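Below sits a lone chain in structure tokens, taken as the form deposited in one PDB entry.
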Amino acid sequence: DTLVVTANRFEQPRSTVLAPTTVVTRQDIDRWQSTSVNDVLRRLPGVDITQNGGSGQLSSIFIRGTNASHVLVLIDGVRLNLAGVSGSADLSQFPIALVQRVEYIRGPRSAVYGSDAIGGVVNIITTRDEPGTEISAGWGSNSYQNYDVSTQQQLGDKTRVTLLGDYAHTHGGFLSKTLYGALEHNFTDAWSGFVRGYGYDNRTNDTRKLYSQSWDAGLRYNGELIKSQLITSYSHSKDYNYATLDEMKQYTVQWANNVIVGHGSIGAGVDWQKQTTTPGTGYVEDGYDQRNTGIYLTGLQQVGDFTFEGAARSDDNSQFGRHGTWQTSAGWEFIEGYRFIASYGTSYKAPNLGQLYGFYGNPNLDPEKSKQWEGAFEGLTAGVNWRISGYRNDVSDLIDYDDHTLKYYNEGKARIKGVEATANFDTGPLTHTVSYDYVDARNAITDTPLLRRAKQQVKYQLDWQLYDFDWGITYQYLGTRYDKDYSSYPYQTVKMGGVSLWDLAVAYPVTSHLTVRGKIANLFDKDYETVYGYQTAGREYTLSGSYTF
């Protein structure tokens, strides 16, 4: 789709966002037959996801060679709570059934959102406008089972309700049960309100029990020139392993405005966050109270063939104090349908609980800091939409353990040089969506490649319909990756060879109300790991259906 909200919080055409952007819709997710968020993200440019096995197991997201803690994940605009204790986003627990849209914008965005937005930003949206009720379910390899009931209806004029329940289970397993309710209200044709509440109960296998609930409420104004939003959020998670218990409550309040001025816009906002942990959470002795407040400004202008886009933010954190970030981009459409874009931006990552207050803690840590430069050419040629970008990311003040003193300090440096190339085009009835990433991510002090990241990836999606059958084939090449073997000491660095992977999916409208679908994932039964030592699934079959009325 064309409109995004994730670049500056407010709706704008993608063509006007100078950073590389990707949008995934629910229609996309339904066709691909993804059974996890990771399976969605894995398909997209610059994404390198590793996982300790199959569904539900611990996983890491490396966007454009950056550390796992250097991606900002938002759910409906607000920092994912599950990232809260460890200070690093893991989506393996977040229910796929709740995903209605993903908006993913690469490059820095601390200047809008604050901490973590270094490699990029991933915004998982849970809202839909899609009247009706749906029942669906599926069955697959490894005793995979799913069923789900969902309904959105009008409760008179101005108010609409959404209700969802979902059960997902797999064995070696992982069991996830989810409930979601939302109420939306139009006071007028410009003033809106919403209240949202959801929660899930996950069990994974040593056993993990994870409870998470989130409540959001807000008010929005959508006028001809002026747009505003006041947004409230509360998330509570309890993560049991066995025993340890990690428990965090996260409080968010944000107020943002934006106005259309000429061929462009200007915006500002204030963003407050409180996180509270329980004693013994995150292997820290005491319970902690962390607070952050940020203020920022955005801008977009089009003059002639040129486009200018920018943001700047000041954050005040209860532990490290004040840190400012900014970014600026310019695009030149030098000939119709072609653009050169140049970008610069700074971003940062806040120290986490363990690093500050754990056994090896240092309460005076400063943030990790990033500087990025990016240049791109984008075009439309002979029916092909394409883009190629080169970026450099210098990361400094990395928080590292010193074995000399058994404490964490700011000191490491990394340098990432990367290339992203993308294209989409049709050939008769066939649709092609392709990307290539080169990622040269290095310790800038030793000049050694960083571990766990593939230097090269190729991803290819091929879609077409013939009789009434909707077919999709997905191809991925995962390049070579260096990792450590933790089965025994000492921990040896190993070299995992590149692998090719293929998936095949089909759908068919049995009626206008009933759609049946099947999928064979890892069609050639390739044996491979994304984390050394941890076996992935192998060839799996899934058969599913959805009935709408």
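We call the rigid core whatever largest set of C-alpha positions still superposes within 1.5 Å between the two forms. Don't overthink the numbering: it's just position in the shown sequence, from 1.
Another form exists, deposited in another entry; not displayed. Remarks below refer to it.
- Only 86, out of 252, 433, 142, 86, shows a C-alpha shift of 2 Å or more between this form and the one not shown on alignment of the rigid core.
- In contrast to the form presented, in the other entry the C-alpha positions of residue 443 and residue 85 draw closer by 3 Å or more.
- Contraction of the residue 451-residue 85 CA spacing by 3 Å or more is recorded in the other entry, set against this form.
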